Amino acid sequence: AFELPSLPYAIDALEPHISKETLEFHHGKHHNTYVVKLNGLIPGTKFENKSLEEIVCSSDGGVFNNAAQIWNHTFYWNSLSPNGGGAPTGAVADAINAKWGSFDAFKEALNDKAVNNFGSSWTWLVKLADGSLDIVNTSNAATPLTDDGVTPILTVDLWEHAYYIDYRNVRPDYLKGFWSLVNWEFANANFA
């Protein structure tokens, strides 16, 4: 049975960009529910003994939405940090300059993809087969984890539960907290 991974930092730790209550609900309840639902769905199926990733990569319907949502949320928590934010560093900063010319252009491109990602969705920083970076949008539980040859680097959850408690309807304000939390170490580990 799959389990809810612990949060990589205190429920307190992303303040004032993402609040304790958001983490309590977003991780403690939303994330957990996909874990629970998934565990309920696997018995009696060909997903009985496969790893999370194996299932997300081979399922559809209910098993997929729940499995992918677990993986996506786990990847999202890793994409934030009480010690992140600010300028990118390392391999990632250079690839960002290589693709977009500057960090600022990359940031304006991701903000634009993110605010316009209609409905419950996710905006991703991914590394392509050709080694280059790109920004791709997925809807609901969809994830580049299943795009062959594409490597997920960072993600921002845009389902409303992710920011409604702290930002109501204003995604840019949310995106602001995201940029003050971005976990460049996790980005660089995925990139390398």
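Quick note: we count residues from 1 along the sequence shown, nothing fancier.
Segment of higher mean CA temperature factor, 39-47 or 130-138
According to the entry, 39-47 carries the higher average C-alpha B-factor.
Entry-level comparison of average CA B-factors, 23-31 and 141-149, reporting the higher stretch:
Taking the mean B-factor of the alpha carbons in each, 141-149 is higher.
Can you tell me which third, lowest, middle or highest, the CA B-factor of residue 80 falls into for its chain?
Within its chain, residue 80 is a lowest-third residue by C-alpha B-factor, going by the deposited values.
Chain-relative CA temperature factor third for residue 14
Tercile = middle for this residue's CA B-factor.
Of the three thirds of its chain by CA temperature factor, lowest, middle or highest, which one includes residue 107?
It belongs to the middle third of the chain when residues are ordered by C-alpha B-factor.
Chain-wide C-alpha B factor ranking for residue 121, given as lowest, middle or highest third
Its C-alpha B-factor, which the entry lists for residue 121, ranks in the lowest third among residues of this chain.
Classify residue 57 as lowest, middle or highest third according to the C-alpha B-factor given in the PDB entry, relative to its own chain.
Highest third - that is where residue 57 ends up once the chain's C-alpha B-factors are sorted.
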